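Only one structure is covered here, and it is reproduced in the block below.
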Amino acid sequence: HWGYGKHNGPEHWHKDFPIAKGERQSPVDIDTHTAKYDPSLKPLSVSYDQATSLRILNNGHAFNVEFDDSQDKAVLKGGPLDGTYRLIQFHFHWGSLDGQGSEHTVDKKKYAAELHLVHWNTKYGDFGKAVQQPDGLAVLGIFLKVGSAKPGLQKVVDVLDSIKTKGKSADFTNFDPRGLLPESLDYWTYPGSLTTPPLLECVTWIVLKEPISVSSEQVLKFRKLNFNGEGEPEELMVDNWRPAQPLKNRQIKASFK
Ligand SMILES: NS(=O)(=O)c1ccc(CCO)cc1
Ligand SMILES: NS(=O)(=O)c1ccc(CCO)cc1
Ligand SMILES: NS(=O)(=O)c1ccc(CCO)cc1
Ligand SMILES: NS(=O)(=O)c1ccc(CCO)cc1
Ligand SMILES: [Zn+2]
């Protein structure tokens with residue numbers, strides 16, 4: 001029953017998910033001047049060449065592109081991570097207008113959208129067991145700004161008409177998530193949480209410094225999706241982002257000088 005509206009949005013989540021007021025919540029504002037370069041971070045490795053995308057699903061909050069995670073086909077390692085983290089899905093958060101939409105902010109700047117590539121630590125065997133661990137997940141976050149079109153996003157854009165409403169899915173095989181990355185893998189990292197209920201504090205966040213550029217037309221198509229199911233009153237799927245949460249006793253580390 002949670003959502004993003006006045007009556008079920010982020011200010012209400014704590015009543016059913018009390019960890020919403022926890023010590024390690026996400027997203028956060030990334031104060032770039034306070035974030036410190038960390039020489040102990042190892043090189044980050046995004047290894048997506050063998051990824052197997054399967055399906056795209058409108059879940060009533062966002063849309064998820066799902067992957068086969070039954071083997072180490074698309075993994076994230078290095079950087080702040082101990083071991084191997086396997087890609088399970090990606091999704092986005094976006095705004096009703098280009099001036100808002102991201103979850104993380106950079107010196108208070110909100111981007112038009114934010115991509116989350118979600119991975120689980122293979123030492124825990126399955127995603128469900130990983131979300132019972134303080135180092136169970138790694139989410140690679142990538143900001144979207146509006147400018148030139150992102151070619152590797154267009155296949156996603158053009159399938160959205162077929163998953164307009166909650167509960168709809170479509171085949172989405174042979175999609176290469178490498179087409180959603182920027183050139184640089186410079187990043188900030190900190191320990192946090194899922195940004196939607198159940199808000200579990202399991203995530204090592206890795207937020208890339210370089211945004212990707214997408215066209216106005218691409219993001220406008222995100223905004224034509226619906227939160228509601230077929231046959232129900234239409235509510236545009238926009239502003240599906242949680243605002244920045246208190247940093248508490250955390251430090252954000254930078255991979256770059
Ligand atoms: N705490 S919550 O966001 O899951 C929630 C908000 C609001 C309602 C009642 C309105 O549908 C129920 C649950
Ligand atoms: N809809 S989803 O992205 O939460 C999801 C993706 C992939 C799987 C399969 C995991 O073995 C399950 C759920
Ligand atoms: N970091 S900044 O000063 O470019 C900036 C601050 C505040 C905002 C408003 C929210 O996006 C945008 C940019
Ligand atoms: N937005 S997020 O990447 O923190 C996130 C990833 C995964 C889940 C689990 C349900 O899909 C919830 C939130
Ligand atoms: Zn997310």
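To be explicit about the labels: the chains of the structure tokens are called A, B, and onward in the order shown, and within each one the residues are counted from 1, while ligands get numbers from 1 in the order they are shown.
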
Check the DSSP output for the backbone and give back, as a compact mmCIF listing (two decimals) with C-alpha atoms, in the first residue's frame, the residues of stretch 7-235 of chain A in alpha helix (DSSP H).
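Writing done, so here's states_22.txt:
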```
# COMPACT_ATOMS: atom_id res chain seq x y z
CA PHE A 127 18.74 -12.49 -2.98
CA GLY A 128 16.37 -13.35 -0.14
CA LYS A 129 19.21 -14.46 2.12
CA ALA A 130 21.34 -11.51 1.03
CA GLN A 154 16.14 3.35 -26.59
CA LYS A 155 15.18 -0.34 -26.51
CA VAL A 156 13.90 0.21 -22.98
CA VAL A 157 11.94 3.31 -24.04
CA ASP A 158 10.28 1.54 -26.94
CA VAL A 159 8.97 -1.40 -24.86
CA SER A 216 13.90 14.83 -23.35
CA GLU A 217 11.91 12.47 -25.56
CA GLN A 218 13.32 9.41 -23.77
CA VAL A 219 12.43 10.64 -20.28
CA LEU A 220 9.02 11.87 -21.47
CA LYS A 221 8.22 8.25 -22.33
CA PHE A 222 9.06 7.15 -18.78
```

(request) Can you tell me which residues come within 12 Å of ligand 3 when counting only C-alpha atoms and all ligand atoms, ideally as a PyMOL selection string? (result) chain A and resi 29-33+95+97-113+145+243-244

So which residues are near ligand 2, meaning at most 12 Å away with only C-alpha atoms and all ligand atoms counted, given back as a PDB file with C-alpha atoms, in the first residue's frame?
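The new file part23.pdb reads:
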```
ATOM      1  CA  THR A  52      21.146 -12.517 -19.746  1.00  0.00           C
ATOM      2  CA  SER A  53      18.227 -10.134 -19.509  1.00  0.00           C
ATOM      3  CA  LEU A  54      14.870 -11.880 -19.394  1.00  0.00           C
ATOM      4  CA  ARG A  55      11.842  -9.707 -18.801  1.00  0.00           C
ATOM      5  CA  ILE A  56      10.583  -6.202 -18.068  1.00  0.00           C
ATOM      6  CA  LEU A  57       7.862  -5.689 -15.432  1.00  0.00           C
ATOM      7  CA  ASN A  58       5.747  -2.682 -14.348  1.00  0.00           C
ATOM      8  CA  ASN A  59       5.454  -3.337 -10.610  1.00  0.00           C
ATOM      9  CA  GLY A  60       3.315  -0.299  -9.787  1.00  0.00           C
ATOM     10  CA  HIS A  61       6.296   1.670  -8.444  1.00  0.00           C
ATOM     11  CA  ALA A  62       8.788   1.570 -11.342  1.00  0.00           C
ATOM     12  CA  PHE A  63       9.695  -0.856 -14.129  1.00  0.00           C
ATOM     13  CA  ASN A  64      12.296  -3.550 -13.568  1.00  0.00           C
ATOM     14  CA  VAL A  65      14.471  -5.219 -16.182  1.00  0.00           C
ATOM     15  CA  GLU A  66      15.206  -8.653 -14.731  1.00  0.00           C
ATOM     16  CA  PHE A  67      18.243 -10.871 -15.315  1.00  0.00           C
ATOM     17  CA  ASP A  68      19.120 -14.541 -14.987  1.00  0.00           C
ATOM     18  CA  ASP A  69      21.087 -14.653 -11.729  1.00  0.00           C
ATOM     19  CA  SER A  70      21.470 -18.460 -11.569  1.00  0.00           C
ATOM     20  CA  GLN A  71      25.212 -18.148 -12.453  1.00  0.00           C
ATOM     21  CA  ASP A  72      27.915 -15.421 -12.428  1.00  0.00           C
ATOM     22  CA  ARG A  86      25.529 -10.727  -9.109  1.00  0.00           C
ATOM     23  CA  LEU A  87      23.163  -8.524 -11.146  1.00  0.00           C
ATOM     24  CA  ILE A  88      19.482  -9.328 -10.588  1.00  0.00           C
ATOM     25  CA  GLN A  89      17.594  -6.301 -11.980  1.00  0.00           C
ATOM     26  CA  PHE A  90      17.772  -2.653 -12.881  1.00  0.00           C
ATOM     27  CA  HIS A  91      15.178   0.093 -12.627  1.00  0.00           C
ATOM     28  CA  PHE A  92      14.965   3.886 -12.566  1.00  0.00           C
ATOM     29  CA  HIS A 116      19.862   1.507 -10.072  1.00  0.00           C
ATOM     30  CA  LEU A 117      21.632  -1.708 -11.087  1.00  0.00           C
ATOM     31  CA  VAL A 118      20.907  -4.087  -8.199  1.00  0.00           C
ATOM     32  CA  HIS A 119      23.322  -6.877  -7.241  1.00  0.00           C
ATOM     33  CA  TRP A 120      23.481  -9.469  -4.452  1.00  0.00           C
ATOM     34  CA  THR A 122      26.949 -14.469  -3.985  1.00  0.00           C
ATOM     35  CA  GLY A 125      23.321 -17.903  -2.082  1.00  0.00           C
ATOM     36  CA  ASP A 126      20.109 -16.039  -3.041  1.00  0.00           C
ATOM     37  CA  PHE A 127      18.736 -12.489  -2.982  1.00  0.00           C
ATOM     38  CA  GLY A 128      16.367 -13.349  -0.136  1.00  0.00           C
ATOM     39  CA  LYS A 129      19.206 -14.464   2.124  1.00  0.00           C
ATOM     40  CA  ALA A 130      21.342 -11.507   1.032  1.00  0.00           C
ATOM     41  CA  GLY A 167       1.224  -6.035 -13.377  1.00  0.00           C
ATOM     42  CA  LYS A 168       2.140  -6.015 -17.062  1.00  0.00           C
ATOM     43  CA  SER A 169       5.347  -7.626 -18.297  1.00  0.00           C
ATOM     44  CA  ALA A 170       7.067  -8.288 -21.606  1.00  0.00           C
TER      45      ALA A 170
END
```

(request) Quick one: everything within 7 Å of stretch 245-253 of chain A, counting only C-alpha atoms, minus sequence neighbours fewer than 5 positions away in the same chain. Send it as number ranges by chain. (result) A: 23, 25-28, 35-38, 188-190

Please save N, CA and C atoms of the selected residues as an mmCIF file, in the first residue's frame.
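And here is the file that came out, again-v3.cif:
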```cif
data_model
loop_
_atom_site.group_PDB
_atom_site.id
_atom_site.type_symbol
_atom_site.label_atom_id
_atom_site.label_comp_id
_atom_site.auth_asym_id
_atom_site.auth_seq_id
_atom_site.Cartn_x
_atom_site.Cartn_y
_atom_site.Cartn_z
ATOM 1 N N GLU A 23 19.464 4.162 11.059
ATOM 2 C CA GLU A 23 20.777 4.776 11.118
ATOM 3 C C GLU A 23 21.551 4.738 9.810
ATOM 4 N N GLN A 25 19.951 4.906 6.315
ATOM 5 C CA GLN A 25 18.952 5.001 5.265
ATOM 6 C C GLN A 25 19.489 5.708 4.026
ATOM 7 N N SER A 26 18.907 5.363 2.890
ATOM 8 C CA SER A 26 19.231 5.923 1.591
ATOM 9 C C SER A 26 17.973 6.468 0.937
ATOM 10 N N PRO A 27 18.117 7.395 -0.015
ATOM 11 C CA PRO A 27 19.369 7.992 -0.490
ATOM 12 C C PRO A 27 19.865 9.058 0.481
ATOM 13 N N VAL A 28 20.994 9.665 0.119
ATOM 14 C CA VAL A 28 21.600 10.761 0.864
ATOM 15 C C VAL A 28 22.059 11.815 -0.136
ATOM 16 N N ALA A 35 33.325 14.591 1.055
ATOM 17 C CA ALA A 35 33.686 13.227 0.696
ATOM 18 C C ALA A 35 35.190 13.132 0.488
ATOM 19 N N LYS A 36 35.800 12.097 1.058
ATOM 20 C CA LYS A 36 37.249 11.972 1.041
ATOM 21 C C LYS A 36 37.719 10.879 0.094
ATOM 22 N N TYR A 37 38.757 11.185 -0.691
ATOM 23 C CA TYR A 37 39.394 10.160 -1.511
ATOM 24 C C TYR A 37 39.907 9.036 -0.624
ATOM 25 N N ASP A 38 39.643 7.799 -1.029
ATOM 26 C CA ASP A 38 40.014 6.628 -0.235
ATOM 27 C C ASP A 38 40.998 5.769 -1.012
ATOM 28 N N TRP A 188 31.432 7.557 -5.863
ATOM 29 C CA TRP A 188 31.340 7.699 -4.423
ATOM 30 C C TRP A 188 30.695 6.438 -3.851
ATOM 31 N N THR A 189 31.044 6.099 -2.614
ATOM 32 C CA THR A 189 30.474 4.920 -1.968
ATOM 33 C C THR A 189 30.201 5.185 -0.495
ATOM 34 N N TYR A 190 29.138 4.564 -0.001
ATOM 35 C CA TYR A 190 28.770 4.657 1.403
ATOM 36 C C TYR A 190 27.815 3.508 1.721
#
```

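If you count only C-alpha atoms and ignore residues fewer than 6 places along the chain from residue A:235, what sits within 12 Å of it is residues 3, 4, 5, 60, 61, 96, 164, 165, 166, 223, 224, 225, 226, 227, 228 and 229 of chain A.
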
(request) Have a look at atom CA of residue A:178 and atom CA of residue A:45 and let me know their distance in Å, one decimal. (result)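 Going from atom CA of residue A:178 over to atom CA of residue A:45 covers 12.2 Å.
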
(request) Enumerate as a PyMOL selection string all residues of stretch 33-256 of chain A assigned to strand (DSSP E or B) by DSSP on the backbone, naming them with the chain letters and numbers the document uses. (result) chain A and resi 36-37+42-47+53-58+63-67+75-79+85-94+105-106+109+113-121+137-146+166+169-171+187-192+203-208+212-214+226+229+236+253-254

Find the residues near stretch 200-203 of chain A: any atom within 7 Å, counting only C-alpha atoms, skip ones fewer than 2 places away on the same chain, and give them as a tab-separated table (two decimals) with N, CA and C atoms, in the first residue's frame.
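File produced: around-v8.tsv:
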```
chain	number	residue	atom	x	y	z
A	24	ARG	N	21.00	4.09	8.79
A	24	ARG	CA	21.73	3.79	7.56
A	24	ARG	C	20.82	3.90	6.35
A	25	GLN	N	19.95	4.91	6.31
A	25	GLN	CA	18.95	5.00	5.26
A	25	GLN	C	19.49	5.71	4.03
A	131	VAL	N	19.39	-10.15	1.66
A	131	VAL	CA	18.73	-9.02	2.32
A	131	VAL	C	18.49	-9.25	3.81
A	133	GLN	N	21.48	-9.54	5.47
A	133	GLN	CA	22.88	-9.32	5.79
A	133	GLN	C	23.28	-7.86	5.60
A	134	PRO	N	24.18	-7.35	6.43
A	134	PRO	CA	24.57	-5.93	6.31
A	134	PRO	C	25.41	-5.62	5.08
A	135	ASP	N	25.95	-6.64	4.42
A	135	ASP	CA	26.70	-6.49	3.18
A	135	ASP	C	26.09	-7.39	2.11
A	136	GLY	N	24.76	-7.52	2.13
A	136	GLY	CA	24.11	-8.41	1.19
A	136	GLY	C	24.00	-7.89	-0.23
A	137	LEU	N	23.90	-6.57	-0.41
A	137	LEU	CA	23.60	-6.00	-1.72
A	137	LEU	C	24.60	-4.92	-2.09
A	138	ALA	N	24.74	-4.71	-3.39
A	138	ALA	CA	25.48	-3.58	-3.94
A	138	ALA	C	24.61	-2.99	-5.04
A	139	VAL	N	24.33	-1.69	-4.94
A	139	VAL	CA	23.56	-1.00	-5.97
A	139	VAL	C	24.47	0.02	-6.62
A	191	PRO	N	27.67	3.15	3.01
A	191	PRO	CA	26.73	2.10	3.41
A	191	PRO	C	25.33	2.66	3.60
A	192	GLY	N	24.34	2.01	3.02
A	192	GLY	CA	22.97	2.48	3.11
A	192	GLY	C	21.95	1.38	3.02
A	193	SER	N	20.82	1.72	2.40
A	193	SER	CA	19.63	0.90	2.45
A	193	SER	C	18.96	0.83	1.09
A	194	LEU	N	17.98	-0.07	0.98
A	194	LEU	CA	17.00	0.04	-0.09
A	194	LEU	C	16.29	1.38	0.04
A	198	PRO	N	10.98	-2.66	1.61
A	198	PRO	CA	11.12	-2.63	3.07
A	198	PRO	C	12.30	-1.84	3.67
A	205	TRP	N	26.32	1.23	-1.45
A	205	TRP	CA	26.00	2.11	-2.56
A	205	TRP	C	27.27	2.50	-3.29
```

(request) Pick out the residues sitting within 7 Å of residue A:149, and hand them over as a PyMOL selection string; count only C-alpha atoms, and ignore anything fewer than 2 positions along from it in its own chain. (result) chain A and resi 147+151+213-215

(request) Find the residues near stretch 207-210 of chain A: any atom within 7 Å, counting only C-alpha atoms, skip ones fewer than 5 places away on the same chain, and give them as a ChimeraX atom specification. (result) /A:140-142,182,184-189

Next, dump the selected residues to file, keeping only N, CA and C atoms, as a PDB file, in the first residue's frame.
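The resulting file, again-v1.pdb, is shown below:
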```pdb
ATOM      1  N   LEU A 140      24.602  -0.094  -7.943  1.00  0.00           N
ATOM      2  CA  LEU A 140      25.335   0.850  -8.780  1.00  0.00           C
ATOM      3  C   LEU A 140      24.325   1.884  -9.261  1.00  0.00           C
ATOM      4  N   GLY A 141      24.505   3.123  -8.816  1.00  0.00           N
ATOM      5  CA  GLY A 141      23.606   4.214  -9.155  1.00  0.00           C
ATOM      6  C   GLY A 141      24.248   5.129 -10.185  1.00  0.00           C
ATOM      7  N   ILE A 142      23.442   5.535 -11.169  1.00  0.00           N
ATOM      8  CA  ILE A 142      23.905   6.347 -12.288  1.00  0.00           C
ATOM      9  C   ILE A 142      22.877   7.445 -12.514  1.00  0.00           C
ATOM     10  N   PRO A 182      28.093   5.454 -18.247  1.00  0.00           N
ATOM     11  CA  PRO A 182      28.921   6.556 -18.763  1.00  0.00           C
ATOM     12  C   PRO A 182      30.323   6.030 -19.088  1.00  0.00           C
ATOM     13  N   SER A 184      33.268   7.099 -17.640  1.00  0.00           N
ATOM     14  CA  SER A 184      34.086   6.993 -16.445  1.00  0.00           C
ATOM     15  C   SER A 184      33.389   6.168 -15.383  1.00  0.00           C
ATOM     16  N   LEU A 185      34.174   5.361 -14.671  1.00  0.00           N
ATOM     17  CA  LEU A 185      33.683   4.645 -13.506  1.00  0.00           C
ATOM     18  C   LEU A 185      34.100   5.281 -12.176  1.00  0.00           C
ATOM     19  N   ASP A 186      34.514   6.557 -12.183  1.00  0.00           N
ATOM     20  CA  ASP A 186      34.708   7.289 -10.932  1.00  0.00           C
ATOM     21  C   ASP A 186      33.426   7.200 -10.103  1.00  0.00           C
ATOM     22  N   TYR A 187      33.556   7.079  -8.780  1.00  0.00           N
ATOM     23  CA  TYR A 187      32.368   6.889  -7.958  1.00  0.00           C
ATOM     24  C   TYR A 187      32.569   7.388  -6.537  1.00  0.00           C
ATOM     25  N   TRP A 188      31.432   7.557  -5.863  1.00  0.00           N
ATOM     26  CA  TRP A 188      31.340   7.699  -4.423  1.00  0.00           C
ATOM     27  C   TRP A 188      30.695   6.438  -3.851  1.00  0.00           C
ATOM     28  N   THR A 189      31.044   6.099  -2.614  1.00  0.00           N
ATOM     29  CA  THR A 189      30.474   4.920  -1.968  1.00  0.00           C
ATOM     30  C   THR A 189      30.201   5.185  -0.495  1.00  0.00           C
TER      31      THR A 189
END
```

Please report as JSON lines every residue of chain A lying within 12 Å of ligand 1, along with the nearest atom pair and their distance in Å (one decimal), using only C-alpha atoms and all ligand atoms.
```
{"residue": "A:1", "atom": "CA", "partner": "ligand 1", "partner_atom_place_in_ligand_line": "13 (C)", "distance": 4.7}
{"residue": "A:2", "atom": "CA", "partner": "ligand 1", "partner_atom_place_in_ligand_line": "3 (O)", "distance": 3.8}
{"residue": "A:3", "atom": "CA", "partner": "ligand 1", "partner_atom_place_in_ligand_line": "3 (O)", "distance": 6.4}
{"residue": "A:4", "atom": "CA", "partner": "ligand 1", "partner_atom_place_in_ligand_line": "3 (O)", "distance": 8.5}
{"residue": "A:5", "atom": "CA", "partner": "ligand 1", "partner_atom_place_in_ligand_line": "6 (C)", "distance": 9.2}
{"residue": "A:6", "atom": "CA", "partner": "ligand 1", "partner_atom_place_in_ligand_line": "7 (C)", "distance": 9.1}
{"residue": "A:7", "atom": "CA", "partner": "ligand 1", "partner_atom_place_in_ligand_line": "7 (C)", "distance": 5.8}
{"residue": "A:8", "atom": "CA", "partner": "ligand 1", "partner_atom_place_in_ligand_line": "6 (C)", "distance": 3.9}
{"residue": "A:9", "atom": "CA", "partner": "ligand 1", "partner_atom_place_in_ligand_line": "3 (O)", "distance": 5.9}
{"residue": "A:10", "atom": "CA", "partner": "ligand 1", "partner_atom_place_in_ligand_line": "3 (O)", "distance": 6.7}
{"residue": "A:11", "atom": "CA", "partner": "ligand 1", "partner_atom_place_in_ligand_line": "3 (O)", "distance": 7.6}
{"residue": "A:12", "atom": "CA", "partner": "ligand 1", "partner_atom_place_in_ligand_line": "3 (O)", "distance": 4.6}
{"residue": "A:13", "atom": "CA", "partner": "ligand 1", "partner_atom_place_in_ligand_line": "3 (O)", "distance": 3.6}
{"residue": "A:14", "atom": "CA", "partner": "ligand 1", "partner_atom_place_in_ligand_line": "1 (N)", "distance": 5.7}
{"residue": "A:15", "atom": "CA", "partner": "ligand 1", "partner_atom_place_in_ligand_line": "1 (N)", "distance": 4.5}
{"residue": "A:16", "atom": "CA", "partner": "ligand 1", "partner_atom_place_in_ligand_line": "1 (N)", "distance": 4.2}
{"residue": "A:17", "atom": "CA", "partner": "ligand 1", "partner_atom_place_in_ligand_line": "1 (N)", "distance": 6.4}
{"residue": "A:18", "atom": "CA", "partner": "ligand 1", "partner_atom_place_in_ligand_line": "1 (N)", "distance": 8.7}
{"residue": "A:19", "atom": "CA", "partner": "ligand 1", "partner_atom_place_in_ligand_line": "1 (N)", "distance": 11.2}
{"residue": "A:20", "atom": "CA", "partner": "ligand 1", "partner_atom_place_in_ligand_line": "1 (N)", "distance": 9.7}
{"residue": "A:196", "atom": "CA", "partner": "ligand 1", "partner_atom_place_in_ligand_line": "3 (O)", "distance": 9.8}
{"residue": "A:197", "atom": "CA", "partner": "ligand 1", "partner_atom_place_in_ligand_line": "4 (O)", "distance": 7.7}
{"residue": "A:198", "atom": "CA", "partner": "ligand 1", "partner_atom_place_in_ligand_line": "4 (O)", "distance": 9.1}
{"residue": "A:199", "atom": "CA", "partner": "ligand 1", "partner_atom_place_in_ligand_line": "4 (O)", "distance": 11.1}
{"residue": "A:242", "atom": "CA", "partner": "ligand 1", "partner_atom_place_in_ligand_line": "3 (O)", "distance": 11.9}
```

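Closest approach to residue A:240 among A:94, A:162, A:124, A:144: A:94, based on only C-alpha atoms.
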
(request) Rank A:22, A:161, A:204, A:43 by their smallest atom-to-atom distance to residue A:85, using only C-alpha atoms, and report the top residue only. (result)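 Ranking A:22, A:161, A:204, A:43 by distance to residue A:85, first place goes to A:204.
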
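Separating atom 5 (C, counted along the ligand's line) of ligand 4 from atom CA of residue A:195 is a distance of 5.6 Å.
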